[PDB]
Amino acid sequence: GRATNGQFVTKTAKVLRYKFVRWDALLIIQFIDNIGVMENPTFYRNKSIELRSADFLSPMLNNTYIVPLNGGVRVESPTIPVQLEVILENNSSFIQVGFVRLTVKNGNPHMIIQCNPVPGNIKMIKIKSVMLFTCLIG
């Protein structure tokens, strides 16, 4: 088939747009809000999916941030590594390889984001990578 639109919504009503192709047992899904572009012949701008403190579950354990989501598709994806920027409350920031999965809990999709220790509380995580998950359904 051709690519169908969809979205997830966060606790704070942020909308995470994606396109997907469902060929069961295969579901391939890309997030489309942050597709970077060359804005002129020599400059590449990255774009961020920006997730705030209030998008995550509390308490956070083991550098694992859980984003409960509503709507969208319901998959147990593999883990994909991403470029993260972790913004601390003191506006200090750390660039990291993050690891992202989609999982299902209580019939709800959740995005699992795992990263490294940071010296402070997190205000914001920015995903600077274009994320695509290839998933096996059943």
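Just count from 1 along the sequence shown to find any residue number.
- Higher mean CA temperature factor between 50-58 and 79-87: 50-58, per the PDB entry.
- With 125-133 and 111-119 compared on mean CA B-factor from the PDB entry, the stretch scoring higher is 111-119.
- Set against one another, the Cα B-factors of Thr103, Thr64, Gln30, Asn106 in the record reach their highest point at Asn106.
- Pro41: CA B factor in the highest third of modelled residues in this chain (values from the PDB entry).
- Per the PDB record, residue ranking by Cα B-factor puts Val97 in the lowest third of the chain.
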